Structures are given as C-alpha cells and as structure tokens.
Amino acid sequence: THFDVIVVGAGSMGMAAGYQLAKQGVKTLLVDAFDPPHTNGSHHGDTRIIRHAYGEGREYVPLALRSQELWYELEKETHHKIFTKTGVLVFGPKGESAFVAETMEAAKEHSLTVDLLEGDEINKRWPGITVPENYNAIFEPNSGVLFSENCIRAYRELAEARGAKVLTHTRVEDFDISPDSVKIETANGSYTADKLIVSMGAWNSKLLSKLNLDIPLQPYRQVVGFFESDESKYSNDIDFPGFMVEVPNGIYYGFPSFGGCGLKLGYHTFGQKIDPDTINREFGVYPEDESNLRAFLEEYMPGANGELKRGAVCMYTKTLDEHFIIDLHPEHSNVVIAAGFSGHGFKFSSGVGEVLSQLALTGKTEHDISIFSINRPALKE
C-alpha cells in the first residue's frame, strides 16, 4: 500500500504514464474507477486519428512526432494492433477555414510530407468524396489511425508484466498531500506514495477541487456512428483516408471502413454539456445524434450513408482555450496534473505518458510544455 508513484485514472494518459514508469523499474500503483479499457470515459469507439500537421496549432508538432514513434515502438512490443497508416485528409472551403490554413502552415514549418489538392482533384483521387469546386485540401500520407482501446490494453499488459499494479473498480474519493508524501482514499483502502499523477479525464472537472484547484473544465457528450457504406469506395483496403474537415456549420471527422465495420463519423464542434456521473451513454436518445451525421454524409460522402451499424457515446473535457493542461500542481511539486484534453489528446497519449513520468520522477521534462501550463491566463474565466 506504499508505492513510488500513484496514478489516479488509468486511462489514455494514466496507463501510458504507468508503462513509462514500470519500464524504468519505478514501483507504480494505478487506480481506476472501472477496468480499462472501458466504455465509460474518453477512449472507446475503437479508433482515433493521429495527425502530425496540426490544425489546432503548429506547436504540437514535436509531441505528435515523438508520439508517432512511440506508437511504432508499441506495435513492435504487443500482439494487439496499434496503428494503420490510412493517411489523413483535411479539407474546407478555400479561404474560409482557419483549421485548414493552420494545418498547411504547420506542414510548411515542420517540413512534413503532404499533398495539396483542390476541387474536383479531391473527388477524383478519392471516389466517394463529393466536395464543391471551391474547396481545397491538404493530405498527410504518413499519419493515420490508432486502435485506442488496444493501445491502453497493451500498455496495461506490458506495465503489469514489469510489476505495475492496477486496482480496478476503485474510485478515489479524496486526497491528502504532504511535503514528503501523497495519499489517496478509496472504499477499498488508502494508499501512499512519493508522487501522484492525476489523470481522471472528464472527472477532473469534478474532483480537482479536492486538490484545491479551481480550473474551468467542461465535459461534453460526443457521439460517433458507423454506417453501412460502399466498400468499393470507403474501405481502408482501397485507401480511403481518415479525415478531419471544416464546413460552414463546423468540423467533422471520420475513418474508413475496416473489415466491413462501416465508415465512422463524428461531429466535433457540437456536443451536449454534461456531468460524467449523469451522462446518458445511449446513442440515439437525442435526435441530433444520428441526424447531424447524416446531414454531413448526404452532402460530402453520399455512398457512406447506409443503415446505422453501431453508435457510441464518449466525452471530451474542454479548457477555455482548448489547449491541454500538463504541469506540476502550483502548490505541490510531488503532484502532476494531466487534464483538459479538449477532444484531441489521444494521439499524444504515448508522448504525454513520457512527459508525466519525467515530471513525476524529476519535477522537469525534456519536452517543451509551456503551452500546457496550469498557470496560464487563458485557462481562467
């Protein structure tokens, strides 16, 4: 019940941190409210996009590239499938998309490998896409799709084999922080360590107040749907890409069909404000769930608009500036916080696990994480 490090929340970020700590022989306890991977947090629905040319900001590119190399390393270490190089297509109306423009600027700044296309060039290259002639695109061939549940399961199995312990179905209810130690309280007992990593996903919005932190964090209910599609156009086997696109009523993202699962789509810039303990996790309970998806499909990917095969309900946790929080607690250098991933953190989770392990062990990281500071002005109302 004493450890070197305790990770609270063994999800996307926490489980990666656990792997990085265990690989260094650091005796780690991970505590999760469920049994990860699971369907109650932010990491299910099978698949996640990884992009390198980064439309949310060119400053994420180093972490994206480091994370990509870590995912290739993970592929080699496990029998679970980690990554498929689908490429990622980004498109939008010419001159009317900040996301597209920043994606292009990031690629230029970092000498990333991309193709530039416009109008009917897009429809011709990828049968099944129907964009207007005034749309332009940037395609990144060497990014792709992560199997997110498999990533967390592989990190867990590898960490446990090296002696990490995973206490499941155990909610942390409170914390007690001292100068020279950390303590968590649960119904199944209290545990102590030298250092704490706090990575509770959407529950960071509810429980960071138990560490005397007051940070705006808003959970959002974000659905995805898998649709019966024309496999001769939308299969990964015919090189249909992953995508993240801007259109006049917002940003949508999606995935090619893998083994006939259907094209998967989500709507990024809308979701319901929720609390993670009362969210309705059934797909289709609000009319928007299915209708906002088919509105996009009928316009832009009309042969991927068949029967709904599967739906899922997941959560984002947004900061006011939609940048992450990765830092030491301002009052407690033995406490590390990972929060506020704002709907775009999974791809970085391998690199973030490395950052969190460095912060926990040394109070520093070799990564540049200034944009993720817990003290920055734009976090606050």
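Rigid core here is just the name for the largest C-alpha set that superposes within 1.5 Å across the two forms. In this text, residue numbers run from 1 along the sequence as written.
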Rigid core superposition result in 5 other deposited structures of this protein, more deviant of 311-319, 53-61 by Cα: 53-61
Between the two ranges 196-204 and 178-186, the one averaging a larger CA B factor in the entry: 178-186
Segment of higher mean CA temperature factor, 71-79 or 95-103: 95-103
Candidate set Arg156, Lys85, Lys264, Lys210 [ranked by C-alpha B-factor, highest]: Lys210
Out of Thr278, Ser143, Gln222, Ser257, highest CA B-factor residue: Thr278
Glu331 - which third its CA temperature factor falls in, relative to the rest of the chain: highest
Assigned third (lowest, middle, highest) for the C-alpha B factor of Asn150: lowest
Third of the chain, ranked by Cα B-factor, where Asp46 sits: lowest
Lowest, middle or highest third - CA B-factor, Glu322: middle
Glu56 - which third its CA temperature factor falls in, relative to the rest of the chain: highest
